[PDB]
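Counting neighbours? That spans all protein chains shown, and the Cβs are built from the backbone with ideal geometry, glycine included. Rule-based calculations on the coordinates, nothing more; no lab input.
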Amino acid sequence: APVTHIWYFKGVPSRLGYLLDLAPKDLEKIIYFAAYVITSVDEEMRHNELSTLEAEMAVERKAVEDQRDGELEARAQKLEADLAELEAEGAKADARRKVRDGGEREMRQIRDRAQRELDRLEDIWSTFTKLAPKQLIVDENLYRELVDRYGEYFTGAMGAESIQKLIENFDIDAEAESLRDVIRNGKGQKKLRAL
Amino acid sequence: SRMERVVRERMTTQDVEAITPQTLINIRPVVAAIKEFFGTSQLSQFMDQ
Amino acid sequence: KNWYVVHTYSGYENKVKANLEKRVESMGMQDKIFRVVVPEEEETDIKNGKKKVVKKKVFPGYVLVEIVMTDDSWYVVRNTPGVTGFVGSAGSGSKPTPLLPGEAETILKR
Amino acid sequence: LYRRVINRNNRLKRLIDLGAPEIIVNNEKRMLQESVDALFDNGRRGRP
DNA sequence: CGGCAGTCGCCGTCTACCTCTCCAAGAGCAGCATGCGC
DNA sequence: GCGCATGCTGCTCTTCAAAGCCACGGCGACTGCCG
RNA sequence: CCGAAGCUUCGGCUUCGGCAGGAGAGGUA
C-alpha cells in the first residue's frame, strides 16, 4: 500500500498542504484513516438526472408522510376508544389527564421521528448537491448512505491512496496563473497566503 | 505498585477455593526495580578511593 | 447487540478468549457479553499420512466478540490481560464501529 | 526498524490476499504507515 | 467578514583529553521419546 | 510385540497504554475569539 | 592489512588463522 514521506507533510510549513491547499490537521486526519475526502464528482450526470431524483425523493417524502398518518390514525383510534370507554368512570379524569399529556407526547414522538427523517433526507440531498472535490467529510453513517443511494457520480476514500489520486489529478498551470492573478489584484492577507 | 496491579488483574481470572496468597504474588517487578536502581542510576555512584 | 473486533498481541488469541470467558462471570456481568469467536479454519498438509492441520487463524491478531455497549462492558473488555485495543476506533475511539451484518455472517459461516 | 517494516508489510499482504473486512485492512495499513514514518524520522509525530 | 492577540511548536546553546560501569526476560511452539495398554 | 498418548528441551518471538513528571530567547504560523 | 607454515626462479605463489557500537557518572586545562 502506498505511504507518505514524513519530511514533506510534518514540516514547518507543510509542503504537501501548501500544494494541495489543505490544513495540516485535515491532512493528518485523511492520512491516518480518520476521515473521507471527495476525489471527483461527475456533474453532467448530476445535471441530467436532477428532476428525476427530485421526483423519487418526493415519492419517499409522501411515503413517509403516509406512514406517519397511518400510525397516527391507529394511535388516535386506540386512544379515542379506550379513553371514551374508561373516561374516569366516577372520579376525576386524572388518569385521562396523565394519558392526555402522554398521548400528546406520543403524537409529538412520532412527529419528531418524522421530522428527524425529514432532516436526514434534507441533509442527504443538500450534500449531494454541494459536493465539490477536496472536501473532507466525517461520520461514516452519512458517507455509507451517500455511497448506497447515490453511489455513482461520486468517488472518494481515505488513506495515502486517496492523496495520490488528488496529486495525480492536479493542474499546475491553472493554479499558478490563478495565484498570480490573486497577487496582481489583491490585498489583505489573501495576498500573503498567495505569496 | 506494579506487583499490586498484577495481583488485582489476576485475582479475577482464577478459580476460587484454590487461591492462596502465594499464588497471587509475583516477586519479579520488585527485584527488577531494586537491581535497576543499584546499577544503572545517576545517584548510586562508583566510590572514589 | 452487535459484533465488534478486538486486537490482541501475537499468539494470545486463545488465552484472551479463555480469560474473557472467565471474566464474563468471575467479574460480574453475565448479560452483557455473549459469544466470543476466534476465527479459525484448516490447512491441507500431511507428513506421509500423519496429519498436522496447522492452526492457521484466518485473521492473525484479532478476535470478534459479540457484545452490547455501556460503560462497564468497555472497561472489562479493554483491561483483559492481553487485548491491546478496540480496532475500529475512527475518531478519539468514542464509540467503536461494529462489524457489518454481511461480513459478520460470511465470517461466521466458515 | 527494518524488521518492523517487513513484518507489517508481510501481514498486510497476506490479509489483503485473503478477503478480509475493510476495518481490519484499514487498521493494518495505518500501522504500516506509522512504522515507515518511525523509520524515516523517529519522534517527529506521536511518541518515540 | 475582519482584525487580533495569546499560544504553541521548533531552532540553538565552546574545544581537546583521561578513568569507571552497564546493555531482554518471560511465554509459548513444536521434534521425538517413551511408557503403558491390549 | 506393536500402536497411541503425553511429556523433556531447543528455540524462537514480543513489545498500546497510561500513569509519570513538570530553561530561555527568537520566530512564525494559526486559530479560536471578539467586534 | 598482520601473523604462522610451505613452494620460492627472488617478481612473487599457495594453505591456515584474525576485529573495534551506545548510555550514564566523575575529573584535568
Condition check for B:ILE25: surrounded by 10 or more Cβ atoms within 10 Å (Cβ to Cβ) and in contact with a helix residue (DSSP H, G or I) (Cβ under 8 Å, 6 or more places away or on another chain): yes
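Conditions (1) buried (at least 16 other Cβ atoms within 10 Å of the Cβ); (2) touching a residue at least 60 places away in the same chain (Cβ under 8 Å); (3) out of contact with any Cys (no Cβ under 9 Å at 6 or more places or on another chain), marked per residue:
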| site | (1), (2), (3) |
| --- | --- |
| C:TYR9 | no, yes, yes |
| C:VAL16 | yes, yes, yes |
| C:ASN19 | yes, yes, yes |
| C:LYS22 | no, no, yes |
| C:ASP31 | no, no, yes |
| C:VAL36 | yes, no, yes |
| C:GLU40 | no, no, yes |
| C:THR44 | no, no, yes |
| C:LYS47 | no, no, yes |
Test: residue in segment B:1-19 that is more than 14 Å from chain C (Cβ to nearest Cβ), within 16 Å of RNA strand G (Cβ to nearest atom) and assigned to a helix (DSSP H, G or I): no
Condition broken by B:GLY39, with the remaining ones in (1) away from DNA strand F (no atom under 16 Å from the Cβ); (2) farther than 30 Å from C:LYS22 by Cβ; (3) in contact with a helix residue (DSSP H, G or I) (Cβ under 9 Å, 6 or more places away or on another chain); (4) of a type outside the set (D, E, K, R) satisfied: (3)
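Residue-wise test of (1) in contact with a helix residue (DSSP H, G or I) (Cβ under 7 Å, 6 or more places away or on another chain); (2) in contact (Cβ under 8 Å) with a residue 12 or more places away in the chain; (3) at positive phi; (4) of a type in the set (A, V, I, L, M).
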position: A:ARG46; (1), (2), (3), (4): no, yes, no, no
position: A:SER51; (1), (2), (3), (4): no, no, no, no
position: A:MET57; (1), (2), (3), (4): yes, yes, no, yes
position: A:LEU83; (1), (2), (3), (4): yes, yes, no, yes
position: A:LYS92; (1), (2), (3), (4): no, no, no, no
position: A:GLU106; (1), (2), (3), (4): yes, yes, no, no
position: A:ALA114; (1), (2), (3), (4): yes, yes, no, yes
position: A:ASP123; (1), (2), (3), (4): no, yes, no, no
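Taking the options A:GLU28, A:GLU44, name whichever one is surrounded by fewer than 18 Cβ atoms within 10 Å (Cβ to Cβ) and more than 16 Å from DNA strand E (Cβ to nearest atom).
Criteria check complete, one pass: A:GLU44.
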Test for A:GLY11: is it small (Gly, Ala, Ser), within 16 Å of DNA strand E (Cβ to nearest atom) and not in a loop (DSSP other than H, G, I, E, B): no
Residue within segment B:11-25 that is within 14 Å of DNA strand E (Cβ to nearest atom), touching a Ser or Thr at 6+ places or on another chain (Cβ under 9 Å) and closer than 16 Å to C:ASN79 by Cα present: yes
Tally of residues being more than 8 Å from chain D (Cβ to nearest Cβ) and either under 14 Å from the mean Cα position of the chain (by Cα) or in contact (Cβ under 8 Å) with a residue 12 or more places away in the chain (or both) across segment C:90-108: 5
Output for segment D:7-48, where each listed residue is of a type in the set (A, V, I, L, M, F, W, C) and either within 10 Å of chain C (Cβ to nearest Cβ) or within 9 Å of the chain's Cα centre (by Cα) (or both): D:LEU12, D:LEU15, D:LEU18, D:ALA20, D:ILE23, D:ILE24, D:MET31, D:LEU32, D:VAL36
Output for segment C:51-78, where each listed residue is of a type in the set (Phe, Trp, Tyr) and within 11 Å of C:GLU40 (Cβ to Cβ): C:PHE59
Any hit, segment C:53-73, residues being away from every other protein chain (no Cβ under 11 Å), of a type in the set (D, E, K, R) and in contact with a strand residue (DSSP E or B) (Cβ under 7 Å, 6 or more places away or on another chain): yes
So C:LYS1, is it under 24 Å from C:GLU103 (Cβ atoms), in contact (Cβ under 8 Å) with a residue 60 or more places away in the chain and touching a strand residue (DSSP E or B) at 6+ places or on another chain (Cβ under 7 Å): yes
Residue selected from segment B:28-43 under the condition surrounded by 10 or more Cβ atoms within 10 Å (Cβ to Cβ) and of a type outside the set (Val, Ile, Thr), by the criterion nearest to DNA strand E (Cβ to nearest atom): B:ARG28
